[PDB]
$ cat entry.txt   # compact mmCIF, N, CA and C atoms
# COMPACT_ATOMS: atom_id res chain seq x y z
N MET U 1 -41.76 10.10 -2.10
CA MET U 1 -40.77 10.95 -1.38
C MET U 1 -39.59 11.26 -2.31
N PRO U 2 -38.82 12.28 -1.96
CA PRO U 2 -37.62 12.71 -2.75
C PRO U 2 -36.38 11.92 -2.33
N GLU U 3 -36.47 10.61 -2.36
CA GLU U 3 -35.31 9.77 -1.97
C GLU U 3 -35.19 8.57 -2.92
N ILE U 4 -34.18 7.76 -2.74
CA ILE U 4 -34.00 6.58 -3.63
C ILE U 4 -33.54 5.39 -2.78
N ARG U 5 -34.22 4.27 -2.90
CA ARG U 5 -33.84 3.07 -2.10
C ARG U 5 -33.42 1.94 -3.04
N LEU U 6 -32.70 0.98 -2.54
CA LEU U 6 -32.24 -0.16 -3.39
C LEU U 6 -33.27 -1.29 -3.33
N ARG U 7 -33.26 -2.16 -4.31
CA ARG U 7 -34.22 -3.30 -4.33
C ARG U 7 -33.45 -4.61 -4.20
N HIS U 8 -32.48 -4.80 -5.05
CA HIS U 8 -31.66 -6.05 -5.01
C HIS U 8 -30.34 -5.83 -5.74
N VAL U 9 -29.37 -6.68 -5.52
CA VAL U 9 -28.05 -6.52 -6.21
C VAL U 9 -28.16 -7.07 -7.64
N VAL U 10 -28.53 -6.23 -8.58
CA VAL U 10 -28.67 -6.70 -10.01
C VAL U 10 -27.38 -7.41 -10.46
N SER U 11 -26.26 -6.73 -10.46
CA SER U 11 -25.00 -7.38 -10.89
C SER U 11 -24.00 -7.31 -9.74
N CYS U 12 -23.03 -8.19 -9.71
CA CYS U 12 -22.04 -8.17 -8.59
C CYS U 12 -20.69 -8.72 -9.05
N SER U 13 -19.62 -8.12 -8.58
CA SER U 13 -18.26 -8.59 -8.96
C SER U 13 -17.36 -8.60 -7.71
N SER U 14 -17.86 -9.17 -6.62
CA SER U 14 -17.11 -9.27 -5.32
C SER U 14 -18.10 -9.34 -4.16
N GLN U 15 -18.52 -10.51 -3.78
CA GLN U 15 -19.49 -10.64 -2.63
C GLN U 15 -19.40 -12.05 -2.04
N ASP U 16 -19.55 -12.17 -0.74
CA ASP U 16 -19.46 -13.51 -0.09
C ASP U 16 -20.86 -14.12 0.04
N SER U 17 -20.98 -15.18 0.79
CA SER U 17 -22.31 -15.83 0.97
C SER U 17 -23.05 -15.17 2.13
N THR U 18 -22.55 -15.33 3.33
CA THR U 18 -23.21 -14.70 4.52
C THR U 18 -23.16 -13.18 4.36
N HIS U 19 -21.98 -12.63 4.29
CA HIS U 19 -21.84 -11.15 4.11
C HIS U 19 -21.81 -10.84 2.62
N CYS U 20 -22.92 -10.99 1.95
CA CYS U 20 -22.97 -10.72 0.48
C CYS U 20 -23.31 -9.25 0.24
N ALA U 21 -23.16 -8.80 -0.98
CA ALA U 21 -23.47 -7.39 -1.31
C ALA U 21 -24.97 -7.13 -1.10
N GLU U 22 -25.78 -8.17 -1.14
CA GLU U 22 -27.24 -7.98 -0.93
C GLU U 22 -27.50 -7.45 0.49
N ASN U 23 -26.54 -7.57 1.38
CA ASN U 23 -26.74 -7.05 2.76
C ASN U 23 -26.88 -5.53 2.71
N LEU U 24 -26.45 -4.92 1.63
CA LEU U 24 -26.56 -3.45 1.48
C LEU U 24 -28.04 -3.08 1.43
N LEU U 25 -28.88 -3.98 0.97
CA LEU U 25 -30.34 -3.71 0.92
C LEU U 25 -30.84 -3.43 2.35
N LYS U 26 -30.11 -3.87 3.35
CA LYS U 26 -30.53 -3.63 4.76
C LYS U 26 -29.49 -2.72 5.42
N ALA U 27 -29.37 -1.50 4.96
CA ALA U 27 -28.38 -0.55 5.54
C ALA U 27 -28.55 -0.46 7.06
N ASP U 28 -29.73 -0.75 7.56
CA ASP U 28 -29.96 -0.68 9.03
C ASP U 28 -30.39 -2.05 9.56
N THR U 29 -29.45 -2.92 9.82
CA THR U 29 -29.80 -4.28 10.34
C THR U 29 -28.60 -4.85 11.12
N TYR U 30 -27.69 -5.52 10.45
CA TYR U 30 -26.51 -6.09 11.17
C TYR U 30 -25.57 -6.79 10.17
N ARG U 31 -25.46 -6.26 8.98
CA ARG U 31 -24.57 -6.89 7.96
C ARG U 31 -24.23 -5.85 6.88
N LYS U 32 -23.03 -5.89 6.36
CA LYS U 32 -22.64 -4.91 5.30
C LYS U 32 -22.08 -5.66 4.09
N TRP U 33 -21.40 -4.97 3.21
CA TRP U 33 -20.82 -5.65 2.01
C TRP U 33 -19.44 -6.20 2.36
N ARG U 34 -19.14 -7.37 1.88
CA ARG U 34 -17.81 -7.97 2.14
C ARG U 34 -17.39 -8.76 0.90
N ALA U 35 -16.22 -8.50 0.38
CA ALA U 35 -15.74 -9.21 -0.85
C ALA U 35 -15.89 -10.73 -0.67
N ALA U 36 -16.15 -11.42 -1.75
CA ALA U 36 -16.31 -12.90 -1.69
C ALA U 36 -15.08 -13.55 -1.05
N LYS U 37 -13.95 -12.88 -1.10
CA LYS U 37 -12.72 -13.44 -0.50
C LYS U 37 -11.94 -12.30 0.17
N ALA U 38 -10.77 -12.60 0.66
CA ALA U 38 -9.94 -11.55 1.32
C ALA U 38 -9.02 -10.90 0.29
N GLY U 39 -8.03 -10.17 0.74
CA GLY U 39 -7.10 -9.49 -0.21
C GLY U 39 -7.88 -8.43 -0.98
N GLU U 40 -8.67 -7.67 -0.27
CA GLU U 40 -9.50 -6.60 -0.89
C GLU U 40 -8.65 -5.68 -1.77
N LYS U 41 -8.50 -6.04 -3.00
CA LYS U 41 -7.71 -5.21 -3.95
C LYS U 41 -8.68 -4.32 -4.73
N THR U 42 -9.72 -4.91 -5.26
CA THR U 42 -10.74 -4.14 -6.02
C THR U 42 -12.02 -4.97 -6.08
N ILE U 43 -13.11 -4.44 -5.59
CA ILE U 43 -14.39 -5.22 -5.61
C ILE U 43 -15.47 -4.43 -6.34
N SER U 44 -16.32 -5.10 -7.08
CA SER U 44 -17.41 -4.37 -7.79
C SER U 44 -18.76 -4.93 -7.35
N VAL U 45 -19.77 -4.10 -7.33
CA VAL U 45 -21.12 -4.56 -6.92
C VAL U 45 -22.18 -3.65 -7.55
N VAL U 46 -22.86 -4.13 -8.56
CA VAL U 46 -23.90 -3.29 -9.22
C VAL U 46 -25.24 -3.53 -8.53
N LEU U 47 -25.80 -2.50 -7.96
CA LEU U 47 -27.10 -2.65 -7.24
C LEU U 47 -28.22 -2.06 -8.09
N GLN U 48 -29.42 -2.57 -7.94
CA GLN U 48 -30.57 -2.05 -8.73
C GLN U 48 -31.29 -0.97 -7.93
N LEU U 49 -32.08 -0.16 -8.60
CA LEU U 49 -32.84 0.91 -7.90
C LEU U 49 -34.32 0.54 -7.94
N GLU U 50 -34.95 0.50 -6.80
CA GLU U 50 -36.41 0.15 -6.74
C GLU U 50 -37.26 1.01 -7.71
N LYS U 51 -36.70 2.04 -8.30
CA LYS U 51 -37.48 2.88 -9.25
C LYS U 51 -36.51 3.70 -10.11
N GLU U 52 -36.79 3.82 -11.39
CA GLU U 52 -35.89 4.60 -12.28
C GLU U 52 -36.09 6.09 -12.01
N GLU U 53 -35.08 6.71 -11.50
CA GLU U 53 -35.16 8.17 -11.19
C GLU U 53 -33.78 8.80 -11.42
N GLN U 54 -33.68 10.08 -11.23
CA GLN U 54 -32.37 10.77 -11.41
C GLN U 54 -31.58 10.66 -10.11
N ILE U 55 -30.44 11.31 -10.04
CA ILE U 55 -29.62 11.24 -8.79
C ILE U 55 -29.05 12.62 -8.48
N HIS U 56 -29.37 13.15 -7.33
CA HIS U 56 -28.85 14.50 -6.94
C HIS U 56 -27.86 14.34 -5.78
N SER U 57 -28.04 13.33 -4.97
CA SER U 57 -27.11 13.12 -3.83
C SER U 57 -27.03 11.62 -3.55
N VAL U 58 -25.89 11.15 -3.12
CA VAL U 58 -25.72 9.70 -2.86
C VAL U 58 -25.10 9.51 -1.47
N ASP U 59 -25.19 8.31 -0.93
CA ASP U 59 -24.62 8.04 0.42
C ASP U 59 -23.97 6.66 0.44
N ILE U 60 -22.74 6.56 0.87
CA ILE U 60 -22.05 5.24 0.93
C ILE U 60 -21.10 5.26 2.12
N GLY U 61 -21.11 4.22 2.92
CA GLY U 61 -20.20 4.19 4.09
C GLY U 61 -19.01 3.28 3.78
N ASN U 62 -17.84 3.73 4.12
CA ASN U 62 -16.59 2.96 3.84
C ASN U 62 -16.33 1.94 4.95
N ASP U 63 -16.15 0.69 4.60
CA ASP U 63 -15.85 -0.35 5.63
C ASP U 63 -14.43 -0.84 5.38
N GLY U 64 -13.46 -0.07 5.79
CA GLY U 64 -12.04 -0.45 5.54
C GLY U 64 -11.71 -0.21 4.06
N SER U 65 -12.52 0.56 3.37
CA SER U 65 -12.28 0.84 1.93
C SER U 65 -11.53 2.16 1.79
N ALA U 66 -11.19 2.52 0.58
CA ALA U 66 -10.45 3.79 0.35
C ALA U 66 -11.01 4.48 -0.89
N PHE U 67 -11.11 3.78 -1.99
CA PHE U 67 -11.65 4.40 -3.24
C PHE U 67 -13.03 3.83 -3.54
N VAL U 68 -13.99 4.68 -3.82
CA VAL U 68 -15.37 4.18 -4.13
C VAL U 68 -15.90 4.88 -5.38
N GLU U 69 -16.07 4.13 -6.44
CA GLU U 69 -16.59 4.71 -7.72
C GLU U 69 -18.04 4.28 -7.92
N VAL U 70 -18.83 5.11 -8.55
CA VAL U 70 -20.26 4.76 -8.79
C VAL U 70 -20.67 5.14 -10.21
N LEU U 71 -21.20 4.20 -10.95
CA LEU U 71 -21.64 4.47 -12.34
C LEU U 71 -23.16 4.38 -12.38
N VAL U 72 -23.77 4.96 -13.37
CA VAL U 72 -25.26 4.93 -13.47
C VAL U 72 -25.70 4.25 -14.76
N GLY U 73 -26.92 3.78 -14.80
CA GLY U 73 -27.44 3.11 -16.01
C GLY U 73 -28.87 2.64 -15.77
N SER U 74 -29.51 2.21 -16.81
CA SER U 74 -30.90 1.74 -16.69
C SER U 74 -30.98 0.25 -17.01
N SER U 75 -32.07 -0.35 -16.63
CA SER U 75 -32.28 -1.79 -16.92
C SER U 75 -32.56 -1.97 -18.42
N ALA U 76 -32.70 -0.89 -19.16
CA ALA U 76 -32.99 -1.00 -20.62
C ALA U 76 -31.95 -1.89 -21.31
N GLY U 77 -32.40 -2.76 -22.19
CA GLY U 77 -31.45 -3.66 -22.90
C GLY U 77 -30.78 -4.60 -21.89
N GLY U 78 -29.65 -4.20 -21.36
CA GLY U 78 -28.94 -5.06 -20.37
C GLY U 78 -28.08 -6.09 -21.12
N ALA U 79 -27.23 -5.62 -22.00
CA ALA U 79 -26.36 -6.56 -22.76
C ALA U 79 -25.05 -6.78 -22.00
N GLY U 80 -24.39 -5.71 -21.63
CA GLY U 80 -23.10 -5.85 -20.88
C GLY U 80 -23.08 -4.87 -19.71
N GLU U 81 -22.04 -4.90 -18.92
CA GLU U 81 -21.94 -3.96 -17.76
C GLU U 81 -21.11 -2.74 -18.15
N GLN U 82 -21.05 -2.42 -19.42
CA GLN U 82 -20.26 -1.24 -19.87
C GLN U 82 -21.20 -0.19 -20.50
N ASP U 83 -22.49 -0.35 -20.36
CA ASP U 83 -23.44 0.64 -20.95
C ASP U 83 -23.87 1.64 -19.87
N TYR U 84 -22.99 1.96 -18.96
CA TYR U 84 -23.33 2.92 -17.89
C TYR U 84 -22.52 4.19 -18.11
N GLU U 85 -22.73 5.18 -17.29
CA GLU U 85 -21.96 6.45 -17.42
C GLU U 85 -21.38 6.81 -16.06
N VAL U 86 -20.13 7.19 -16.04
CA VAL U 86 -19.46 7.52 -14.75
C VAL U 86 -20.19 8.65 -14.02
N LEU U 87 -21.15 8.31 -13.20
CA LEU U 87 -21.88 9.35 -12.41
C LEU U 87 -20.87 10.06 -11.51
N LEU U 88 -20.14 9.30 -10.72
CA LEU U 88 -19.12 9.92 -9.83
C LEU U 88 -17.87 9.02 -9.79
N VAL U 89 -16.75 9.53 -10.23
CA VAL U 89 -15.49 8.73 -10.26
C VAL U 89 -15.21 8.13 -8.87
N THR U 90 -14.15 7.37 -8.74
CA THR U 90 -13.83 6.76 -7.43
C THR U 90 -13.52 7.87 -6.41
N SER U 91 -14.08 7.77 -5.24
CA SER U 91 -13.85 8.80 -4.20
C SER U 91 -12.88 8.25 -3.15
N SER U 92 -11.84 8.98 -2.89
CA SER U 92 -10.83 8.54 -1.88
C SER U 92 -11.26 9.01 -0.49
N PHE U 93 -11.58 8.09 0.39
CA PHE U 93 -12.01 8.48 1.77
C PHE U 93 -10.94 8.06 2.78
N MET U 94 -10.48 6.84 2.68
CA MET U 94 -9.45 6.34 3.64
C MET U 94 -8.19 5.93 2.88
N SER U 95 -7.26 5.31 3.56
CA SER U 95 -6.01 4.86 2.91
C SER U 95 -5.80 3.37 3.23
N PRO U 96 -4.73 2.78 2.73
CA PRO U 96 -4.41 1.34 2.97
C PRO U 96 -3.63 1.15 4.28
N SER U 97 -3.60 2.15 5.14
CA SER U 97 -2.86 2.03 6.43
C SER U 97 -3.83 2.22 7.60
N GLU U 98 -4.59 3.29 7.59
CA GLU U 98 -5.55 3.54 8.70
C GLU U 98 -6.63 2.46 8.71
N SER U 99 -6.89 1.84 7.59
CA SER U 99 -7.93 0.77 7.53
C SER U 99 -7.57 -0.37 8.49
N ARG U 100 -6.30 -0.52 8.80
CA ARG U 100 -5.88 -1.62 9.72
C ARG U 100 -6.09 -1.18 11.18
N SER U 101 -5.16 -0.44 11.73
CA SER U 101 -5.30 0.02 13.15
C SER U 101 -4.36 1.20 13.39
N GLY U 102 -4.23 2.07 12.43
CA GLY U 102 -3.33 3.25 12.59
C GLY U 102 -4.18 4.52 12.70
N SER U 103 -5.32 4.52 12.06
CA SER U 103 -6.21 5.70 12.11
C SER U 103 -7.65 5.20 11.95
N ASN U 104 -8.53 6.03 11.46
CA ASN U 104 -9.96 5.61 11.27
C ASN U 104 -10.03 4.32 10.43
N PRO U 105 -10.39 3.22 11.05
CA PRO U 105 -10.52 1.90 10.35
C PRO U 105 -11.86 1.82 9.62
N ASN U 106 -12.74 2.76 9.89
CA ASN U 106 -14.07 2.75 9.23
C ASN U 106 -14.66 4.17 9.24
N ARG U 107 -15.15 4.62 8.11
CA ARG U 107 -15.74 5.98 8.03
C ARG U 107 -16.81 5.99 6.93
N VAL U 108 -17.82 6.81 7.07
CA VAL U 108 -18.89 6.85 6.03
C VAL U 108 -18.90 8.22 5.34
N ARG U 109 -19.08 8.23 4.04
CA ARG U 109 -19.08 9.51 3.29
C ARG U 109 -20.30 9.55 2.37
N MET U 110 -20.52 10.67 1.73
CA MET U 110 -21.69 10.80 0.82
C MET U 110 -21.30 11.63 -0.40
N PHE U 111 -22.21 11.78 -1.32
CA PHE U 111 -21.94 12.58 -2.55
C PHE U 111 -23.15 13.46 -2.83
N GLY U 112 -22.97 14.51 -3.58
CA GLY U 112 -24.10 15.42 -3.91
C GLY U 112 -24.16 15.62 -5.43
N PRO U 113 -24.61 16.78 -5.85
CA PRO U 113 -24.74 17.15 -7.30
C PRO U 113 -23.36 17.46 -7.90
N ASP U 114 -22.52 18.11 -7.15
CA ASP U 114 -21.16 18.45 -7.66
C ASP U 114 -20.36 17.17 -7.88
N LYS U 115 -20.63 16.16 -7.11
CA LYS U 115 -19.89 14.88 -7.27
C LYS U 115 -20.56 13.99 -8.33
N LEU U 116 -21.61 14.46 -8.98
CA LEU U 116 -22.27 13.61 -10.02
C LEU U 116 -22.35 14.37 -11.34
N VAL U 117 -22.11 13.69 -12.42
CA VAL U 117 -22.17 14.34 -13.76
C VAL U 117 -23.60 14.87 -13.99
N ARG U 118 -23.74 16.10 -14.41
CA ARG U 118 -25.10 16.65 -14.64
C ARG U 118 -25.69 16.03 -15.91
N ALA U 119 -24.89 15.85 -16.92
CA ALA U 119 -25.40 15.26 -18.19
C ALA U 119 -25.99 13.86 -17.94
N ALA U 120 -25.57 13.20 -16.89
CA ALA U 120 -26.10 11.84 -16.60
C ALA U 120 -26.94 11.86 -15.31
N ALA U 121 -26.43 12.45 -14.25
CA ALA U 121 -27.20 12.49 -12.96
C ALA U 121 -28.64 12.95 -13.18
N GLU U 122 -28.87 13.88 -14.07
CA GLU U 122 -30.27 14.36 -14.30
C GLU U 122 -31.03 13.37 -15.20
N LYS U 123 -30.40 12.30 -15.63
CA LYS U 123 -31.10 11.31 -16.48
C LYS U 123 -31.67 10.22 -15.57
N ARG U 124 -32.89 9.82 -15.80
CA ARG U 124 -33.53 8.78 -14.94
C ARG U 124 -32.84 7.43 -15.13
N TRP U 125 -32.16 6.97 -14.11
CA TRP U 125 -31.48 5.64 -14.18
C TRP U 125 -32.13 4.71 -13.16
N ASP U 126 -31.92 3.42 -13.28
CA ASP U 126 -32.51 2.48 -12.28
C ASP U 126 -31.49 1.37 -11.94
N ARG U 127 -30.24 1.59 -12.26
CA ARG U 127 -29.18 0.59 -11.96
C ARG U 127 -27.92 1.37 -11.59
N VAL U 128 -27.13 0.86 -10.68
CA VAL U 128 -25.89 1.60 -10.29
C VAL U 128 -24.73 0.62 -10.11
N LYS U 129 -23.55 1.00 -10.52
CA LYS U 129 -22.37 0.10 -10.39
C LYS U 129 -21.42 0.66 -9.34
N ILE U 130 -21.32 0.01 -8.21
CA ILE U 130 -20.41 0.48 -7.12
C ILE U 130 -19.12 -0.34 -7.14
N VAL U 131 -17.99 0.29 -7.33
CA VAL U 131 -16.72 -0.46 -7.36
C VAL U 131 -15.74 0.14 -6.35
N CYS U 132 -15.40 -0.61 -5.33
CA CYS U 132 -14.44 -0.10 -4.31
C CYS U 132 -13.01 -0.46 -4.75
N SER U 133 -12.05 0.38 -4.42
CA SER U 133 -10.65 0.11 -4.84
C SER U 133 -9.66 0.52 -3.74
N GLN U 134 -8.71 -0.36 -3.45
CA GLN U 134 -7.62 -0.11 -2.43
C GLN U 134 -7.22 -1.48 -1.82
N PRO U 135 -5.94 -1.79 -1.81
CA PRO U 135 -5.42 -3.07 -1.23
C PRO U 135 -5.21 -2.90 0.28
N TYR U 136 -6.18 -3.31 1.07
CA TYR U 136 -6.05 -3.13 2.55
C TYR U 136 -6.22 -4.46 3.30
N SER U 137 -6.72 -5.48 2.66
CA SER U 137 -6.90 -6.78 3.37
C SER U 137 -5.99 -7.85 2.76
N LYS U 138 -6.14 -9.07 3.20
CA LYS U 138 -5.30 -10.18 2.67
C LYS U 138 -5.84 -11.52 3.19
N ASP U 139 -6.24 -11.56 4.43
CA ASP U 139 -6.78 -12.83 5.01
C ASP U 139 -8.27 -12.67 5.27
N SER U 140 -8.66 -11.53 5.75
CA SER U 140 -10.09 -11.27 6.05
C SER U 140 -10.68 -10.37 4.95
N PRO U 141 -11.94 -10.57 4.62
CA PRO U 141 -12.66 -9.78 3.57
C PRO U 141 -13.26 -8.50 4.17
N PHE U 142 -13.62 -7.56 3.33
CA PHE U 142 -14.22 -6.28 3.82
C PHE U 142 -14.80 -5.53 2.61
N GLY U 143 -15.12 -4.27 2.76
CA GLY U 143 -15.68 -3.51 1.61
C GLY U 143 -16.43 -2.27 2.08
N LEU U 144 -17.74 -2.28 1.97
CA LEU U 144 -18.54 -1.09 2.38
C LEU U 144 -19.46 -1.44 3.55
N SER U 145 -19.79 -0.45 4.34
CA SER U 145 -20.69 -0.67 5.50
C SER U 145 -22.15 -0.59 5.02
N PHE U 146 -22.39 0.16 3.97
CA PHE U 146 -23.78 0.29 3.44
C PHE U 146 -23.76 1.18 2.20
N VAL U 147 -24.82 1.18 1.44
CA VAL U 147 -24.89 2.05 0.24
C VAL U 147 -26.31 2.61 0.10
N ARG U 148 -26.42 3.87 -0.22
CA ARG U 148 -27.76 4.50 -0.34
C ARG U 148 -27.75 5.54 -1.47
N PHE U 149 -28.91 5.95 -1.91
CA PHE U 149 -29.01 6.97 -3.00
C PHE U 149 -30.19 7.89 -2.70
N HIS U 150 -30.17 9.11 -3.20
CA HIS U 150 -31.32 10.04 -2.93
C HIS U 150 -31.39 11.10 -4.03
N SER U 151 -32.57 11.31 -4.57
CA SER U 151 -32.75 12.32 -5.65
C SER U 151 -33.05 13.69 -5.01
$ encode --input "entry.txt" --output "C-alpha cells"
Amino acid sequence: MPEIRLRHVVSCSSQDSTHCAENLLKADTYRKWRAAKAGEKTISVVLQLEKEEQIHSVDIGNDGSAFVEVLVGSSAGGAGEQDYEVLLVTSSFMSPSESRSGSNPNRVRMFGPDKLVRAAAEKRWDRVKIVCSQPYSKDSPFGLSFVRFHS
C-alpha cells in the first residue's frame, strides 16, 4: 500500500516506562508518548520505519505539545544521531498556555510534501527523529498523542 507504518522506537531521548515512546507503535489503542519525566521542555524520540521508503505526507498528534520537528535518515551505518536531514523543521501547533486549560489542551496535525524537503523526502529513509519542543509541564509528563507517516 502507499502508506508508512512504524515498527519500534529505534532511538529515544525522552520516554517513560508505562507511557513510553513505544506506545506510538499503537496509535489506536490506549497510550501515547510521554516524556520520561515532567517539566516538558524538549523531548526527542527517534522511531524506526517498518520499511525504507520515501515520505510525501506525515501525521502527528500534539498531546499538550507546541513545536514538533521531524528528521529523516536510514539504518545505514548508524554511528550517531546527527546523520539525518531536516525533513520538516519544528511545527508550531499549540502554545505553552492553551496546553493547560485556557484553550485547546490537545490537537492533532499532519504534514505533506510542502512541509518536507524534496531533496530528502524523495530519498528512501527507514528511520525518523521526532523532537517536541515547548515548556508546558512541570509536575506531570506529556508529549504526543501518536505519530504516523505515509508515502
$ atom_distance --input "entry.txt" --atom1 "atom C of residue 132 (chain U)" --atom2 "atom C of residue 67 (chain U)"
4.5 Å
$ closest_residue --input "entry.txt" --among "U:127, U:121, U:28, U:93" --to "residue 76 (chain U)" --atoms "only N, CA and C atoms"
U:127
$ residues_around --input "entry.txt" --residues "residue 64 (chain U)" --least-positions-apart "2" --cutoff "12 Å" --atoms "only C-alpha atoms" --output "CSV table (one decimal) with N, CA and C atoms, keeping the file's coordinate frame"
chain,number,residue,atom,x,y,z
U,32,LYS,N,-23.0,-5.9,6.4
U,32,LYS,CA,-22.6,-4.9,5.3
U,32,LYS,C,-22.1,-5.7,4.1
U,33,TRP,N,-21.4,-5.0,3.2
U,33,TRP,CA,-20.8,-5.6,2.0
U,33,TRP,C,-19.4,-6.2,2.4
U,34,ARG,N,-19.1,-7.4,1.9
U,34,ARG,CA,-17.8,-8.0,2.1
U,34,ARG,C,-17.4,-8.8,0.9
U,35,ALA,N,-16.2,-8.5,0.4
U,35,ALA,CA,-15.7,-9.2,-0.8
U,35,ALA,C,-15.9,-10.7,-0.7
U,39,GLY,N,-8.0,-10.2,0.7
U,39,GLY,CA,-7.1,-9.5,-0.2
U,39,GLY,C,-7.9,-8.4,-1.0
U,40,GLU,N,-8.7,-7.7,-0.3
U,40,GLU,CA,-9.5,-6.6,-0.9
U,40,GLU,C,-8.6,-5.7,-1.8
U,41,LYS,N,-8.5,-6.0,-3.0
U,41,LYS,CA,-7.7,-5.2,-4.0
U,41,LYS,C,-8.7,-4.3,-4.7
U,61,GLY,N,-21.1,4.2,2.9
U,61,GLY,CA,-20.2,4.2,4.1
U,61,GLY,C,-19.0,3.3,3.8
U,62,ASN,N,-17.8,3.7,4.1
U,62,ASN,CA,-16.6,3.0,3.8
U,62,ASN,C,-16.3,1.9,5.0
U,66,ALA,N,-11.2,2.5,0.6
U,66,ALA,CA,-10.4,3.8,0.4
U,66,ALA,C,-11.0,4.5,-0.9
U,67,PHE,N,-11.1,3.8,-2.0
U,67,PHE,CA,-11.6,4.4,-3.2
U,67,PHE,C,-13.0,3.8,-3.5
U,68,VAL,N,-14.0,4.7,-3.8
U,68,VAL,CA,-15.4,4.2,-4.1
U,68,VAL,C,-15.9,4.9,-5.4
U,92,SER,N,-11.8,9.0,-2.9
U,92,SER,CA,-10.8,8.5,-1.9
U,92,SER,C,-11.3,9.0,-0.5
U,93,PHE,N,-11.6,8.1,0.4
U,93,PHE,CA,-12.0,8.5,1.8
U,93,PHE,C,-10.9,8.1,2.8
U,94,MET,N,-10.5,6.8,2.7
U,94,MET,CA,-9.4,6.3,3.6
U,94,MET,C,-8.2,5.9,2.9
U,95,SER,N,-7.3,5.3,3.6
U,95,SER,CA,-6.0,4.9,2.9
U,95,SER,C,-5.8,3.4,3.2
U,96,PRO,N,-4.7,2.8,2.7
U,96,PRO,CA,-4.4,1.3,3.0
U,96,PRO,C,-3.6,1.2,4.3
U,97,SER,N,-3.6,2.2,5.1
U,97,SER,CA,-2.9,2.0,6.4
U,97,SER,C,-3.8,2.2,7.6
U,98,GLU,N,-4.6,3.3,7.6
U,98,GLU,CA,-5.6,3.5,8.7
U,98,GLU,C,-6.6,2.5,8.7
U,99,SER,N,-6.9,1.8,7.6
U,99,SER,CA,-7.9,0.8,7.5
U,99,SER,C,-7.6,-0.4,8.5
U,100,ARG,N,-6.3,-0.5,8.8
U,100,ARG,CA,-5.9,-1.6,9.7
U,100,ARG,C,-6.1,-1.2,11.2
U,101,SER,N,-5.2,-0.4,11.7
U,101,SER,CA,-5.3,0.0,13.2
U,101,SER,C,-4.4,1.2,13.4
U,102,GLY,N,-4.2,2.1,12.4
U,102,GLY,CA,-3.3,3.2,12.6
U,102,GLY,C,-4.2,4.5,12.7
U,103,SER,N,-5.3,4.5,12.1
U,103,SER,CA,-6.2,5.7,12.1
U,103,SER,C,-7.6,5.2,12.0
U,104,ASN,N,-8.5,6.0,11.5
U,104,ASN,CA,-10.0,5.6,11.3
U,104,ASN,C,-10.0,4.3,10.4
U,105,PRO,N,-10.4,3.2,11.0
U,105,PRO,CA,-10.5,1.9,10.4
U,105,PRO,C,-11.9,1.8,9.6
U,106,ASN,N,-12.7,2.8,9.9
U,106,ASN,CA,-14.1,2.8,9.2
U,106,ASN,C,-14.7,4.2,9.2
U,107,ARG,N,-15.2,4.6,8.1
U,107,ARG,CA,-15.7,6.0,8.0
U,107,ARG,C,-16.8,6.0,6.9
U,108,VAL,N,-17.8,6.8,7.1
U,108,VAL,CA,-18.9,6.8,6.0
U,108,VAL,C,-18.9,8.2,5.3
U,132,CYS,N,-15.4,-0.6,-5.3
U,132,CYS,CA,-14.4,-0.1,-4.3
U,132,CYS,C,-13.0,-0.5,-4.8
U,133,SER,N,-12.0,0.4,-4.4
U,133,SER,CA,-10.6,0.1,-4.8
U,133,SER,C,-9.7,0.5,-3.7
U,134,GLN,N,-8.7,-0.4,-3.4
U,134,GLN,CA,-7.6,-0.1,-2.4
U,134,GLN,C,-7.2,-1.5,-1.8
U,135,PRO,N,-5.9,-1.8,-1.8
U,135,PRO,CA,-5.4,-3.1,-1.2
U,135,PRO,C,-5.2,-2.9,0.3
U,136,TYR,N,-6.2,-3.3,1.1
U,136,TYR,CA,-6.0,-3.1,2.6
U,136,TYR,C,-6.2,-4.5,3.3
U,137,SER,N,-6.7,-5.5,2.7
U,137,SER,CA,-6.9,-6.8,3.4
U,137,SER,C,-6.0,-7.8,2.8
U,140,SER,N,-8.7,-11.5,5.8
U,140,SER,CA,-10.1,-11.3,6.0
U,140,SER,C,-10.7,-10.4,5.0
U,141,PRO,N,-11.9,-10.6,4.6
U,141,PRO,CA,-12.7,-9.8,3.6
U,141,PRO,C,-13.3,-8.5,4.2
U,142,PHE,N,-13.6,-7.6,3.3
U,142,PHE,CA,-14.2,-6.3,3.8
U,142,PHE,C,-14.8,-5.5,2.6
U,143,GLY,N,-15.1,-4.3,2.8
U,143,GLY,CA,-15.7,-3.5,1.6
U,143,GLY,C,-16.4,-2.3,2.1
U,144,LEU,N,-17.7,-2.3,2.0
U,144,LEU,CA,-18.5,-1.1,2.4
U,144,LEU,C,-19.5,-1.4,3.6
U,145,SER,N,-19.8,-0.4,4.3
U,145,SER,CA,-20.7,-0.7,5.5
U,145,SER,C,-22.2,-0.6,5.0
U,146,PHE,N,-22.4,0.2,4.0
U,146,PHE,CA,-23.8,0.3,3.4
U,146,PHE,C,-23.8,1.2,2.2
$ closest_residue --input "entry.txt" --among "U:150, U:5, U:31, U:129" --to "residue 84 (chain U)" --atoms "all atoms listed in the file"
U:129
$ atom_distance --input "entry.txt" --atom1 "atom N of residue 109 (chain U)" --atom2 "CA of residue 80 (chain U)"
28.9 Å
$ atom_distance --input "entry.txt" --atom1 "CA of residue 13 (chain U)" --atom2 "atom N of residue 52 (chain U)"
22.4 Å
$ closest_residue --input "entry.txt" --among "U:116, U:75, U:65, U:56" --to "residue 89 (chain U)" --atoms "all atoms listed in the file"
U:116
$ select_by_dssp --input "entry.txt" --residues "region 56-142 of chain U" --states "helix (DSSP H, G or I)" --output "JSON, numbers by chain"
{"U": [98, 99, 100, 101, 102, 118, 119, 120, 121]}
$ axis_aligned_box --input "entry.txt" --around "region 17-36 of chain U" --padding-each-side "6 Å" --output "lines of an AutoDock Vina configuration file"
center_x = -23.0
center_y = -8.1
center_z = 4.7
size_x = 27.8
size_y = 27.4
size_z = 24.9
$ residues_near_point --input "entry.txt" --point "(-35.4, -2.9, -5.7)" --cutoff "6.5 Å" --atoms "all atoms listed in the file" --output "MDAnalysis selection string"
chainID U and resid 5:8 48:51
$ select_by_dssp --input "entry.txt" --residues "region 8-133 of chain U" --states "strand (DSSP E)" --output "PyMOL selection string"
chain U and resi 11-13+42-53+57-63+67-73+85-92+107-111+125-133
